[PDB]
Ligand SMILES: CC(C)CCC[C@@H](C)[C@H]1CC[C@H]2[C@@H]3CC=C4C[C@@H](O)CC[C@]4(C)[C@H]3CC[C@]12C
Ligand SMILES: CC(C)CCC[C@@H](C)[C@H]1CC[C@H]2[C@@H]3CC=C4C[C@@H](O)CC[C@]4(C)[C@H]3CC[C@]12C
């Protein structure tokens, strides 16, 4: 777990990444993973089991939970991290492949593919930010929700588990994601400026 | 409870009633009352409380019982006895009123009103027989019924209490009612024949 080994691993052995991309982006990425790990099973572990509705209708609990939580926040963030990390993984594999072929026997190609990688990383961050806004308007969760989907008769009151703690972690993850967007834009601008 | 007192009470102090109307009709009427008394609270006492359906839907028990038993057999027979007994009560009151006014101070009127009374008694018997057939086709009740009325989901199985015992008493009451119809027709025919 040598510091130089961890730095080499996270940097992806890329010769075009700048200081921000090799230090700040990696740290914020680690921060999001650690927050997600400590908050996934602990806070969102009983999201559905503890979800109850004030009714005697069989199946109203499950249908109301599905109505109000089409996809859990933890899974949404997990997908966001995987999708955001994919272009970095592709660049690392491409660099390793180039090292392999040159050992068996370019700089502009590496520069261009890195820039495209950062652009796609920024694009994925923006898309997931918009999707999160679309599914869950606002940032705070409420204790009581009004559910009227079939088979629930009329409108029933359903209660969410730990809405305040989930709100706190939602703010943390959203703030970290916003910082990643800002750093990605700065990285793109810095690369373009240095290219001239 | 002197026998002559009971006979005078049941006959209605009528001078036109024949032997069948004063003996057989009264006995069958007493028979129906006694059968109804012993079978009302004992057999049909738990008709709704013991009625259960194989479902978790709240309210499906009550709605299914109402669907399959719009009116209980005991109440239907109770109404039949009251309605059948009404023309006899009217004739008895009219006879008493005539006695009252003559004491204060006709035979054809008494004869005609008695004949009309028997005709209406026969008519009420026939109507209730038809209504019983209309609400409960056949004579035997079944242990299991298929109920699909709202709010019950799809079709549910509901179970009736004491369907065999209720079937036995249904046959008894129906047979007694049929005998009353036959005796009433015989009474009308005999009166018409004797009138000539
Ligand atoms: C600058 C930032 C974005 C760098 C992010 C680096 C991420 C994308 C890289 C760094 C090291 C990578 C890991 C290296 C090895 C493995 C083992 C493999 O069997 C599963 C994937 C897994 C666990 C990789 C997941 C992606 C990973 C964590
Ligand atoms: C030949 C057949 C049909 C005769 C039938 C006689 C029936 C209709 C008559 C005979 C005596 C009557 C009862 C005489 C007195 C009373 C008391 C009153 O406060 C309520 C009704 C009640 C209880 C009457 C109900 C009707 C009754 C039972």
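Numbers run from 1 along the shown chain.
Backbone N, Cα and C atoms are what each Cβ position is placed from, and that goes for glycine too.
Taken straight from Swiss-Prot:
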type	residues	note
TOPO_DOM	B:1-22	topological domain 'Cytoplasmic'
TOPO_DOM	B:46-75	topological domain 'Extracellular'
TOPO_DOM	B:133-170	topological domain 'Extracellular'
TRANSMEM	B:23-45	transmembrane segment
TRANSMEM	B:76-95	transmembrane segment
TRANSMEM	B:110-132	transmembrane segment
TRANSMEM	B:171-193	transmembrane segment
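Here the transmembrane segment (B:76-95) has long-range neighbours at 12-14, 29, 32-33, 36, 40, 110, 113-114, 116-118, 120-121, 124-125, 128, 131-132, 135, 173, 177, 180, meaning same-chain residues at least 6 beyond its ends whose C-beta is under 8 angstroms from one of its own. Distant neighbours of the topological domain 'Extracellular' (B:46-75): 36, 39-40, 132, 135-136, 145, 147, 149-153, 156-161, 166, 169-170, 173; these residues of the same chain sit at least 6 beyond its ends, with a Cβ under 8 Å from one of its Cβ atoms. Remote same-chain residues near the topological domain 'Extracellular' (B:133-170) are listed as 35, 39, 43-44, 46-47, 50-55, 57-61, 63-65, 67-68, 70-71, 73, 76 (criterion: CB distance under 8 Å, separation of at least six residues from the stretch ends). Sequence-distant contacts of the topological domain 'Cytoplasmic' (B:1-22) (same chain, six or more residues past either end, CB-CB distance under 8 Å): 29-30, 88, 91-92, 95-96, 99, 107, 110-111, 114, 118, 183, 186-187, 190-191, 194.
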